[PDB]
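First the structure, in the form of structure tokens, and then the observations on it.
Order of the sequence lines sets the chain letters (A, B, ...), proteins ahead of strands, with each chain counted from 1.
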Amino acid sequence: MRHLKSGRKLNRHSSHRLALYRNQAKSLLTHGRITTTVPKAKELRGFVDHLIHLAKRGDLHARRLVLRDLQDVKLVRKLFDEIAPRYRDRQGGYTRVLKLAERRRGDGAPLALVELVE
Amino acid sequence: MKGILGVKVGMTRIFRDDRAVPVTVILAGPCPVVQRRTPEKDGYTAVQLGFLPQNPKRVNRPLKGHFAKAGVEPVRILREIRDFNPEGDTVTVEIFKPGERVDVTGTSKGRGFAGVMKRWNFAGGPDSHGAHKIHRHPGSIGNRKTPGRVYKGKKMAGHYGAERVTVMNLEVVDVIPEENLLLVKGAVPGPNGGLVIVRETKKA
Amino acid sequence: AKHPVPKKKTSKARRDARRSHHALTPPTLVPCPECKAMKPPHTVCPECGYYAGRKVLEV
Amino acid sequence: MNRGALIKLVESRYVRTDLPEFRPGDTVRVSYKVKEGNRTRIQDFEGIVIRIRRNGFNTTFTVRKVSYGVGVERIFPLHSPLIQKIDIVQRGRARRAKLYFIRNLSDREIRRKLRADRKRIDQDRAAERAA
Amino acid sequence: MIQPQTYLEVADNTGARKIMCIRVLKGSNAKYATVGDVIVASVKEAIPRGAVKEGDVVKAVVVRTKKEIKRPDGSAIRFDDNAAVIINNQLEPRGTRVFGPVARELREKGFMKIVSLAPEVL
RNA sequence: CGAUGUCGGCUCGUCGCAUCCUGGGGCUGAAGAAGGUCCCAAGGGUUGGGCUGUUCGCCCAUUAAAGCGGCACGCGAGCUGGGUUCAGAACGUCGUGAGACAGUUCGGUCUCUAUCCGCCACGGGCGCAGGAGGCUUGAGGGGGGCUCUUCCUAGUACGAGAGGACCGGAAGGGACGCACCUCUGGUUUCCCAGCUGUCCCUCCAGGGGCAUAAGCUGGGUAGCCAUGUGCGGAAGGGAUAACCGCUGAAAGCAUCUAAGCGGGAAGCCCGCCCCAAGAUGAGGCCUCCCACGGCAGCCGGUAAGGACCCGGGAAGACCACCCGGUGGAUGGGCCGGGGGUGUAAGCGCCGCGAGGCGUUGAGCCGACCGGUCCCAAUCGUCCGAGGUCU
RNA sequence: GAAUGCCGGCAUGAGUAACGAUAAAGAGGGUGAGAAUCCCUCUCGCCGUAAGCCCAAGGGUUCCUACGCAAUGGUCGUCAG
RNA sequence: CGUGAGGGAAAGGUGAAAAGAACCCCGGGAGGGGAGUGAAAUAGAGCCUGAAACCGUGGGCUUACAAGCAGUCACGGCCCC
Ligand SMILES: [Mg+2]
Ligand SMILES: [Mg+2]
Ligand SMILES: [Mg+2]
Ligand SMILES: [Mg+2]
Ligand SMILES: [Mg+2]
Ligand SMILES: [Mg+2]
Ligand SMILES: [Mg+2]
Ligand SMILES: [Mg+2]
Ligand SMILES: [Mg+2]
Ligand SMILES: [Mg+2]
Ligand SMILES: [Mg+2]
Ligand SMILES: [Mg+2]
Ligand SMILES: [Mg+2]
Ligand SMILES: [Mg+2]
Ligand SMILES: [Mg+2]
Ligand SMILES: [Mg+2]
Ligand SMILES: [Mg+2]
Ligand SMILES: [Mg+2]
Ligand SMILES: [Mg+2]
Ligand SMILES: [Mg+2]
Ligand SMILES: [Mg+2]
Ligand SMILES: [Mg+2]
Ligand SMILES: [Mg+2]
Ligand SMILES: [Mg+2]
Ligand SMILES: [Mg+2]
Ligand SMILES: [Mg+2]
Ligand SMILES: [Mg+2]
Ligand SMILES: [Mg+2]
Ligand SMILES: [Mg+2]
Ligand SMILES: [Mg+2]
Ligand SMILES: [Mg+2]
Ligand SMILES: [Mg+2]
Ligand SMILES: [Mg+2]
Ligand SMILES: [Mg+2]
Ligand SMILES: [Mg+2]
Ligand SMILES: [Mg+2]
Ligand SMILES: [Mg+2]
Ligand SMILES: [Mg+2]
Ligand SMILES: [Mg+2]
Ligand SMILES: [Mg+2]
Ligand SMILES: [Mg+2]
Ligand SMILES: [Mg+2]
Ligand SMILES: [Mg+2]
Ligand SMILES: [Mg+2]
Ligand SMILES: [Mg+2]
Ligand SMILES: [Mg+2]
Ligand SMILES: [Mg+2]
Ligand SMILES: [Mg+2]
Ligand SMILES: [Mg+2]
Ligand SMILES: [Mg+2]
Ligand SMILES: [Mg+2]
Ligand SMILES: [Mg+2]
Ligand SMILES: [Mg+2]
Ligand SMILES: [Mg+2]
Ligand SMILES: [Mg+2]
Ligand SMILES: [Mg+2]
Ligand SMILES: [Mg+2]
Ligand SMILES: [Mg+2]
Ligand SMILES: [Mg+2]
Ligand SMILES: [Mg+2]
Ligand SMILES: [Mg+2]
Ligand SMILES: [Mg+2]
Ligand SMILES: [Mg+2]
Ligand SMILES: [Mg+2]
Ligand SMILES: [Mg+2]
Ligand SMILES: [Mg+2]
Ligand SMILES: [Mg+2]
Ligand SMILES: [Mg+2]
Ligand SMILES: [Mg+2]
Ligand SMILES: [Mg+2]
Ligand SMILES: [Mg+2]
Ligand SMILES: [Mg+2]
Ligand SMILES: [Mg+2]
Ligand SMILES: [Mg+2]
Ligand SMILES: [Mg+2]
Ligand SMILES: [Mg+2]
Ligand SMILES: [Mg+2]
Ligand SMILES: [Mg+2]
Ligand SMILES: [Mg+2]
Ligand SMILES: [Mg+2]
Ligand SMILES: [Mg+2]
Ligand SMILES: [Mg+2]
Ligand SMILES: [Mg+2]
Ligand SMILES: [Mg+2]
Ligand SMILES: [Mg+2]
Ligand SMILES: [Mg+2]
Ligand SMILES: [Mg+2]
Ligand SMILES: [Mg+2]
Ligand SMILES: [Mg+2]
Ligand SMILES: [Mg+2]
Ligand SMILES: [Mg+2]
Ligand SMILES: [Mg+2]
Ligand SMILES: [Mg+2]
Ligand SMILES: [Mg+2]
Ligand SMILES: [Mg+2]
Ligand SMILES: [Mg+2]
Ligand SMILES: [Mg+2]
Ligand SMILES: [Mg+2]
Ligand SMILES: [Mg+2]
Ligand SMILES: [Mg+2]
Ligand SMILES: [Mg+2]
Ligand SMILES: [Mg+2]
Ligand SMILES: [Mg+2]
Ligand SMILES: [Mg+2]
Ligand SMILES: [Mg+2]
Ligand SMILES: [Mg+2]
Ligand SMILES: [Mg+2]
Ligand SMILES: [Mg+2]
Ligand SMILES: [Mg+2]
Ligand SMILES: [Mg+2]
Ligand SMILES: [Mg+2]
Ligand SMILES: [Mg+2]
Ligand SMILES: [Mg+2]
Ligand SMILES: [Mg+2]
Ligand SMILES: [Mg+2]
Ligand SMILES: [Mg+2]
Ligand SMILES: [Mg+2]
Ligand SMILES: [Mg+2]
Ligand SMILES: [Mg+2]
Ligand SMILES: [Mg+2]
Ligand SMILES: [Mg+2]
Ligand SMILES: [Mg+2]
Ligand SMILES: [Mg+2]
Ligand SMILES: [Mg+2]
Ligand SMILES: [Mg+2]
Ligand SMILES: [Mg+2]
Ligand SMILES: [Mg+2]
Ligand SMILES: [Mg+2]
Ligand SMILES: [Mg+2]
Ligand SMILES: [Mg+2]
Ligand SMILES: [Mg+2]
Ligand SMILES: [Mg+2]
Ligand SMILES: [Mg+2]
Ligand SMILES: [Mg+2]
Ligand SMILES: [Mg+2]
Ligand SMILES: [Mg+2]
Ligand SMILES: [Mg+2]
Ligand SMILES: [Mg+2]
Ligand SMILES: [Mg+2]
Ligand SMILES: [Mg+2]
Ligand SMILES: [Mg+2]
Ligand SMILES: [Mg+2]
Ligand SMILES: [Mg+2]
Ligand SMILES: [Mg+2]
Ligand SMILES: [Mg+2]
Ligand SMILES: [Mg+2]
Ligand SMILES: [Mg+2]
Ligand SMILES: [Mg+2]
Ligand SMILES: [Mg+2]
Ligand SMILES: [Mg+2]
Ligand SMILES: [Mg+2]
Ligand SMILES: [Mg+2]
Ligand SMILES: [Mg+2]
Ligand SMILES: [Mg+2]
Ligand SMILES: [Mg+2]
Ligand SMILES: [Mg+2]
Ligand SMILES: [Mg+2]
Ligand SMILES: [Mg+2]
Ligand SMILES: [Mg+2]
Ligand SMILES: [Mg+2]
Ligand SMILES: [Mg+2]
Ligand SMILES: [Mg+2]
Ligand SMILES: [Mg+2]
Ligand SMILES: [Mg+2]
Ligand SMILES: [Mg+2]
Ligand SMILES: [Mg+2]
Ligand SMILES: [Mg+2]
Ligand SMILES: [Mg+2]
Ligand SMILES: [Mg+2]
Ligand SMILES: [Mg+2]
Ligand SMILES: [Mg+2]
Ligand SMILES: [Mg+2]
Ligand SMILES: [Mg+2]
Ligand SMILES: [Mg+2]
Ligand SMILES: [Mg+2]
Ligand SMILES: [Mg+2]
Ligand SMILES: [Mg+2]
Ligand SMILES: [Mg+2]
Ligand SMILES: [Mg+2]
Ligand SMILES: [Mg+2]
Ligand SMILES: [Mg+2]
Ligand SMILES: [Mg+2]
Ligand SMILES: [Mg+2]
Ligand SMILES: [Mg+2]
Ligand SMILES: [Mg+2]
Ligand SMILES: [Mg+2]
Ligand SMILES: [Mg+2]
Ligand SMILES: [Mg+2]
Ligand SMILES: [Mg+2]
Ligand SMILES: [Mg+2]
Ligand SMILES: [Mg+2]
Ligand SMILES: [Mg+2]
Ligand SMILES: [Mg+2]
Ligand SMILES: [Mg+2]
Ligand SMILES: [Mg+2]
Ligand SMILES: [Mg+2]
Ligand SMILES: [Mg+2]
Ligand SMILES: [Mg+2]
Ligand SMILES: [Mg+2]
Ligand SMILES: [Mg+2]
Ligand SMILES: [Mg+2]
Ligand SMILES: [Mg+2]
Ligand SMILES: [Mg+2]
Ligand SMILES: [Mg+2]
Ligand SMILES: [Mg+2]
Ligand SMILES: [Mg+2]
Ligand SMILES: [Mg+2]
Ligand SMILES: [Mg+2]
Ligand SMILES: [Mg+2]
Ligand SMILES: [Mg+2]
Ligand SMILES: [Mg+2]
Ligand SMILES: [Mg+2]
Ligand SMILES: [Mg+2]
Ligand SMILES: [Mg+2]
Ligand SMILES: [Mg+2]
Ligand SMILES: [Mg+2]
Ligand SMILES: [Mg+2]
Ligand SMILES: [Mg+2]
Ligand SMILES: [Mg+2]
Ligand SMILES: [Mg+2]
Ligand SMILES: [Mg+2]
Ligand SMILES: [Mg+2]
Ligand SMILES: [Mg+2]
Ligand SMILES: [Mg+2]
Ligand SMILES: [Mg+2]
Ligand SMILES: [Mg+2]
Ligand SMILES: [Mg+2]
Ligand SMILES: [Mg+2]
Ligand SMILES: [Mg+2]
Ligand SMILES: [Mg+2]
Ligand SMILES: [Mg+2]
Ligand SMILES: [Mg+2]
Ligand SMILES: [Mg+2]
Ligand SMILES: [Mg+2]
Ligand SMILES: [Mg+2]
Ligand SMILES: [Mg+2]
Ligand SMILES: [Zn+2]
């Protein structure tokens, strides 16, 4: 049973999963769009979205909170000076995940794309 | 044998005569009468009820024409109360008064594929003293060459729950008609938001 | 355990009968509304990069 | 429907607002309606609320006391009609929401670990002045 | 929630200090005794020269438990130990004083003389 | 004997009845209560411990009762391995010896993958003469079936006294079963905080990794849960067993019987709960669609409908099932509430300092109850009747 | 036609068990007919009385570079002992 | 294979002649389709002949209420000549 349990496990133990989400947050906040498997892509949405919202509040507290996950001050400066301002009136939905057509050759993994939104 | 269709909203406990009474709250009213089962037409007596209005776009053609035949709005659920012929075209919580005893049918919570210890309260195996990978296993399932087979109805692993269960002789604790609300003392099958059926009890 | 083993060779018929559920179902494919190419529904068109009426990918 | 609202509506008729707020570490006196024979009386139970288990109308609090050499704990529904009233005896201050650890402490150590919450003691005396 | 093997304190002045439950006298096979239930115990420790002494096979009613008991008012109570009081075959206390509080459930189940002797009933 | 694994235990049942208990009887050297003995009855039940490998048995504490037997002394491709049952060792005994002993003693490798039948669960197919969406009848199955205490009757009938009922009527238990999470109590792998060592970001402050597959510690939502909660055994109707009668010959009497008619069990049939029309004997009701073209057959195009795909789901191994797909609140986000945690950072003030006080129940914050089209369920595709004959 | 015969071929079990330490991965960029698997960058994890370095046995070209991928590599391969 | 003494295999055939398939087409290659050689190309080198087991594609008959050492006797249907 799994009744009303939220969150994927992705066959990673607790800290490998947290690292997975964090690293994916760096790559997304860096390049603006990345390609992953559909399931990882669906889970990245809420993890990055939260960090962006904190970038909107913009206070010092938020920046240290965000730095717990992203660690990279340069990147956080980008999230605060560049990324977050283009979302001032957009309440939620800072990312989107669109499934891609062709599976990955070696293991059949269904892929999608995750990006920040205009 | 009156009866009503319902939703299981949730549990709490009320205080009645310096006594915490665990209850389950049921949103039962109101149920439009949709079709009547008569002995001349169908061979038995029952009342087909309806519950929860439906987005009329979502009601396909054969269902639609079934509602119009007995002028009624589109409803999400049809169910029958066997041997019940109420005089109006609508069934509401008013057919129960507090102090009455009821039976409640719902779909139990589904355990999926369930082991023999969870499904049948088997005792499993020892957890030490050399017990070898049989800690939750069934044990023997038979005899030897006589009968050389396993009984029908053997209790084994399989799907457990998400099945129709009726709990019998539950006390109606209060009836709040302004909210189509029925309080019943004790536990009722299924998850919150579950379809349930509340009938007058079969226990004298 | 005591190494359970097949008692008889399976017959050509029984083995092929077991395989009566092994056929593939073909890919479900719709036309991309812009380049008309067949593609899986609910995927970004891999031929022209259009999805929901706009260019999303270089291709 | 709003199942949460429906339940909050069932509960509403029994909700209670006469009782004074408290925290884990406060010493409290619960005046409790008790039956025995052939009567019913009010038995005062006094001790440290060691736990406030929150669930709305259903929250409960657990008070711990010594009664003639023996530890006694009492769990109360915060909206029970059997509670006549609650008297804040003393404002403790914890660093912790559950104070189970005081079950294993001498009376000396409990006193050292649950000191007077001067802030909320003053807060009480301040707004203890009515027209 | 007392079962065989369970050690209980002795809340009276009989001489016993510890008894080990060997039976829940409640039907043919009850698993547990609580407040108001009667047990058969063996005296595992006694102060010198009391009515009861080590080795004795005595009867006792559970007067407080460490498992919390639930009351119809929807509240519950719980004590720091498991204690009992030695009785004769009429439920009457074989000692002449009882120490510490006792559950009010003793009253309903007819252990009136222990309840009065109790310094507190909770 | 080109192997049918051997005791006991655990687990899991199932059956017999020569019945241990509960139910119904007759006889009693049956006053009552309690027994004895035989008959009927297998629905249910038949406890926990000390000893011993033990079966058995004895004992302790209870019990309504602690029944006896079958199923390869039921069950080692289910577990155990104490015993027995190899190779070591020793004792007693026997043998000059080597060695020997259902004599004792200590130790001593029990094999991941289930083909077929069988069993538990779940689908796929085709059928059920048109094709569909629903709702249903219940043939036939399964499940359940226990029992104790106290009180009232009444300290009455009965008995010199001790004691002590029937019938009928209340209440409260034990074990068992189904369901549940309001309370009680667990878990809660990252929801919060505290702490050590170390390395790092960035020097401070503040943080991050690692110390487990949570580093450790204190707490803990939803869920899943029992120790927690509700409910179940019935009631009732029918037919019976032993047993008791009514009326009544054969056989002027007599006789429960030969004609006929009563009474009568926890047992039997129904009644309760669950499954069920593959019930091919394929049932029934309500509604929807239709006489489409080309040549009981065939080729397509549509209908009613369905499936595909996708967002999901206290549903779930896959499958199935259930909801939703912009006509939208389905998941994600965000907002409010709940809930946990227990007063963040930063700044100010006190202190030499560790810290402390204030801002501040702060800040963080999974799942729970909702709101909100910000993000994603885009766009679509394929199936699918024209109704055999008397 | 049988010798649990001999040699060889080919079935069944079966798309089943398994793919060899639970130290762990993610993305971007390049190469290419083809890339989870090769190269490069950034991030994350693991060893650190070694899972790092040197020497002796033993092995005998496995070393370096270019060019390749049929087989070998438990998948893949543009990479490689 | 075994430390060693020692053990100890499998594996023959295009065609008369290489005339061993220029060139083109798909393909990264393998492979194939044409063209071409040959009396012959399922003689194309994985090459004479090419049985059987085993695997597949096409067609006829037949099969989803049925109990089987799978055949046999009878009758009927359908297909074929
Ligand atoms: Mg499940
Ligand atoms: Mg699990
Ligand atoms: Mg969800
Ligand atoms: Mg998580
Ligand atoms: Mg999940
Ligand atoms: Mg998931
Ligand atoms: Mg995991
Ligand atoms: Mg995996
Ligand atoms: Mg992994
Ligand atoms: Mg983990
Ligand atoms: Mg870790
Ligand atoms: Mg890790
Ligand atoms: Mg998509
Ligand atoms: Mg796809
Ligand atoms: Mg690949
Ligand atoms: Mg239902
Ligand atoms: Mg199990
Ligand atoms: Mg269980
Ligand atoms: Mg169960
Ligand atoms: Mg067990
Ligand atoms: Mg166990
Ligand atoms: Mg054991
Ligand atoms: Mg072992
Ligand atoms: Mg073993
Ligand atoms: Mg083993
Ligand atoms: Mg184990
Ligand atoms: Mg087993
Ligand atoms: Mg056997
Ligand atoms: Mg047989
Ligand atoms: Mg199911
Ligand atoms: Mg009420
Ligand atoms: Mg629920
Ligand atoms: Mg085994
Ligand atoms: Mg075995
Ligand atoms: Mg096996
Ligand atoms: Mg094993
Ligand atoms: Mg095996
Ligand atoms: Mg075999
Ligand atoms: Mg064949
Ligand atoms: Mg074959
Ligand atoms: Mg075949
Ligand atoms: Mg098969
Ligand atoms: Mg292109
Ligand atoms: Mg709620
Ligand atoms: Mg409301
Ligand atoms: Mg008092
Ligand atoms: Mg105190
Ligand atoms: Mg009051
Ligand atoms: Mg004491
Ligand atoms: Mg033999
Ligand atoms: Mg053999
Ligand atoms: Mg053999
Ligand atoms: Mg053999
Ligand atoms: Mg054999
Ligand atoms: Mg038996
Ligand atoms: Mg008999
Ligand atoms: Mg009897
Ligand atoms: Mg009797
Ligand atoms: Mg008598
Ligand atoms: Mg007598
Ligand atoms: Mg008798
Ligand atoms: Mg008799
Ligand atoms: Mg029986
Ligand atoms: Mg039976
Ligand atoms: Mg029996
Ligand atoms: Mg015993
Ligand atoms: Mg002992
Ligand atoms: Mg022992
Ligand atoms: Mg024993
Ligand atoms: Mg024994
Ligand atoms: Mg035996
Ligand atoms: Mg013996
Ligand atoms: Mg007794
Ligand atoms: Mg008896
Ligand atoms: Mg036997
Ligand atoms: Mg045998
Ligand atoms: Mg024998
Ligand atoms: Mg024997
Ligand atoms: Mg045996
Ligand atoms: Mg036996
Ligand atoms: Mg056996
Ligand atoms: Mg074995
Ligand atoms: Mg055995
Ligand atoms: Mg066996
Ligand atoms: Mg075997
Ligand atoms: Mg077996
Ligand atoms: Mg066997
Ligand atoms: Mg054993
Ligand atoms: Mg042994
Ligand atoms: Mg031994
Ligand atoms: Mg022995
Ligand atoms: Mg031995
Ligand atoms: Mg031996
Ligand atoms: Mg040997
Ligand atoms: Mg030996
Ligand atoms: Mg030996
Ligand atoms: Mg000797
Ligand atoms: Mg001898
Ligand atoms: Mg001898
Ligand atoms: Mg001699
Ligand atoms: Mg001698
Ligand atoms: Mg011999
Ligand atoms: Mg011997
Ligand atoms: Mg022997
Ligand atoms: Mg013998
Ligand atoms: Mg011998
Ligand atoms: Mg040893
Ligand atoms: Mg031995
Ligand atoms: Mg083997
Ligand atoms: Mg296998
Ligand atoms: Mg099988
Ligand atoms: Mg077979
Ligand atoms: Mg089917
Ligand atoms: Mg199907
Ligand atoms: Mg047909
Ligand atoms: Mg049948
Ligand atoms: Mg029936
Ligand atoms: Mg039946
Ligand atoms: Mg009386
Ligand atoms: Mg009675
Ligand atoms: Mg009862
Ligand atoms: Mg809850
Ligand atoms: Mg709880
Ligand atoms: Mg609770
Ligand atoms: Mg709790
Ligand atoms: Mg965290
Ligand atoms: Mg650190
Ligand atoms: Mg530093
Ligand atoms: Mg620092
Ligand atoms: Mg590190
Ligand atoms: Mg680690
Ligand atoms: Mg940590
Ligand atoms: Mg610690
Ligand atoms: Mg914890
Ligand atoms: Mg806890
Ligand atoms: Mg929780
Ligand atoms: Mg329980
Ligand atoms: Mg009960
Ligand atoms: Mg007569
Ligand atoms: Mg007659
Ligand atoms: Mg009669
Ligand atoms: Mg009769
Ligand atoms: Mg009579
Ligand atoms: Mg009768
Ligand atoms: Mg009964
Ligand atoms: Mg049904
Ligand atoms: Mg049908
Ligand atoms: Mg049906
Ligand atoms: Mg039939
Ligand atoms: Mg039908
Ligand atoms: Mg019908
Ligand atoms: Mg359509
Ligand atoms: Mg799913
Ligand atoms: Mg539906
Ligand atoms: Mg749909
Ligand atoms: Mg659509
Ligand atoms: Mg649309
Ligand atoms: Mg939504
Ligand atoms: Mg939402
Ligand atoms: Mg929220
Ligand atoms: Mg809140
Ligand atoms: Mg709060
Ligand atoms: Mg502060
Ligand atoms: Mg602060
Ligand atoms: Mg200063
Ligand atoms: Mg200050
Ligand atoms: Mg919140
Ligand atoms: Mg959130
Ligand atoms: Mg809206
Ligand atoms: Mg939108
Ligand atoms: Mg389209
Ligand atoms: Mg021969
Ligand atoms: Mg052979
Ligand atoms: Mg062989
Ligand atoms: Mg053989
Ligand atoms: Mg051979
Ligand atoms: Mg041969
Ligand atoms: Mg051979
Ligand atoms: Mg061979
Ligand atoms: Mg094979
Ligand atoms: Mg498979
Ligand atoms: Mg298999
Ligand atoms: Mg498998
Ligand atoms: Mg596998
Ligand atoms: Mg591996
Ligand atoms: Mg492994
Ligand atoms: Mg490990
Ligand atoms: Mg790349
Ligand atoms: Mg690339
Ligand atoms: Mg690759
Ligand atoms: Mg590749
Ligand atoms: Mg590289
Ligand atoms: Mg490390
Ligand atoms: Mg070091
Ligand atoms: Mg060398
Ligand atoms: Mg070498
Ligand atoms: Mg070489
Ligand atoms: Mg070199
Ligand atoms: Mg080289
Ligand atoms: Mg190299
Ligand atoms: Mg190279
Ligand atoms: Mg290669
Ligand atoms: Mg390759
Ligand atoms: Mg290759
Ligand atoms: Mg080559
Ligand atoms: Mg290879
Ligand atoms: Mg390879
Ligand atoms: Mg390998
Ligand atoms: Mg290359
Ligand atoms: Mg290599
Ligand atoms: Mg050798
Ligand atoms: Mg060699
Ligand atoms: Mg040799
Ligand atoms: Mg040879
Ligand atoms: Mg040769
Ligand atoms: Mg030649
Ligand atoms: Mg030649
Ligand atoms: Mg020639
Ligand atoms: Mg090419
Ligand atoms: Mg080309
Ligand atoms: Mg070529
Ligand atoms: Mg070709
Ligand atoms: Mg060619
Ligand atoms: Mg030619
Ligand atoms: Mg010629
Ligand atoms: Mg010729
Ligand atoms: Mg030829
Ligand atoms: Mg030829
Ligand atoms: Mg020739
Ligand atoms: Mg040839
Ligand atoms: Mg050939
Ligand atoms: Mg064929
Ligand atoms: Mg039939
Ligand atoms: Mg047929
Ligand atoms: Mg025949
Ligand atoms: Mg014939
Ligand atoms: Zn396109």
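- Rounded to whole Å, the distance from NZ on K152(B) to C1' on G142(F) is 12 Å.
- One interatomic measurement links the two molecules: CZ of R14(C) to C1' of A11(G), which rounds to 17 Å at whole-angstrom precision.
- Under the 30°/60° scheme for interplanar angles, the aromatic rings of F57(D) and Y14(D) are found to be tilted.
- Judged by Watson-Crick and G-U wobble geometry, where both atom pairs must sit under 3.5 Å apart, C79(G) and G73(G) count as a base pair.
- Taken together, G370(F) and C167(F) do not qualify as a Watson-Crick or G-U wobble pair under the 3.5 Å criterion applied to both distances.
- Contact annotation: side chain of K9(C) to base of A11(G), donor-acceptor pair present below 3.5 Å.
- Among the nucleotides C274(F), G185(F), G305(F), the one closest to the side chain of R61(B) is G305(F).
- The closest side-chain donor-acceptor pair between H42(C) and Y51(C), if any, does not fall under 3.5 angstrom.
- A165(F) and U326(F) make neither a Watson-Crick nor a G-U wobble pair with both donor-acceptor distances under 3.5 Å.
- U57(H) sits 26 Å from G9(G) when the P atoms are compared, rounded to a whole Å.
- Judged by the 3.5 Å cutoff on both pairing distances, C47(H) and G60(H) do not qualify as a Watson-Crick or G-U wobble pair.
- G107(F) and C112(F) have their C1' atoms separated by 29 Å, given to the nearest Å.
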Can you tabulate the close N/O pairs, meaning under 3.5 Å, that link protein atoms to atoms of nucleotides 170-174 of chain F?
unit_1  : atom_1 : unit_2 : atom_2 : d
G174(F) : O2'    : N29(E) : OD1    : 2.8

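- When each of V150(B) and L98(A) is assigned the nucleotide of RNA chain F with its nearest heavy atom, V150(B) is the one assigned upstream, toward the 5' end.
- A side-chain N or O of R53(D) and one of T60(D) form a donor-acceptor pair less than 3.5 Å apart.
- In terms of polar N and O atoms assigned as donor or acceptor, the side chain of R144(B) never comes within less than 3.5 Å of the base of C71(F) in a complementary pairing.
- For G57(F) with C51(F), the Watson-Crick or G-U wobble criterion holds, each of the two distances under 3.5 Å.
- Side-chain N/O atoms of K8(C) and base N/O atoms of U115(F) include no donor-acceptor pair closer than 3.5 Å.
- Between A11(G) and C54(H), the distance separating the two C1' atoms is 6 Å to the nearest Å.
- With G48(F), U11(F), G316(F) as the candidates, the nucleotide lying closest to the side chain of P4(E) is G48(F).
- When only modelled atom types and interatomic distance are considered, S75(E) and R74(D) share a side-chain donor-acceptor pair under 3.5 Å.
- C181(F) atom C1' lies 11 Å from atom CG of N58(D), rounded to whole Å.
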For a salt bridge (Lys or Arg N to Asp or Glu O under 4.0 Å) check, start with the C-alpha distance between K203(B) and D103(B), then their side-chain angles and the critical distance, and finish with the verdict. CA-CA 9 Å; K203(B) 321 294 297 199; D103(B) 301 341; over 6 Å; no
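- Under a 3.5 Å limit on both donor-acceptor distances, the bases of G342(F) and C319(F) fail the Watson-Crick or G-U wobble criterion.
- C285(F) atom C1' lies 4 Å from atom CZ of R37(B), rounded to whole Å.
- Phosphate contact (OP1/OP2 of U217(F), side-chain N/O of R95(D), threshold under 4.0 Å): absent.
- The CG atom of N55(D) sits 8 Å away from the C1' atom of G339(F) (whole-angstrom rounding).
- Using atom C1' as the reference point in both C146(F) and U46(F), the two lie 10 Å apart (nearest Å).
- Rounded to an integer number of Å, the gap from NZ of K5(A) to P of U189(F) is 10 Å.
- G69(F) and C261(F) are spaced 44 Å apart, taking the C1' atom of each and rounding to whole Å.
- Looking at the side chain of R57(A), the nearest of the listed nucleotides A367(F), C364(F), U381(F) is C364(F).
- Atom name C1', nucleotides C191(F) and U43(G): the rounded distance is 27 Å, in whole Å.
- Annotation: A100(F) and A90(F) have their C1' atoms spaced 15 Å apart (nearest Å).
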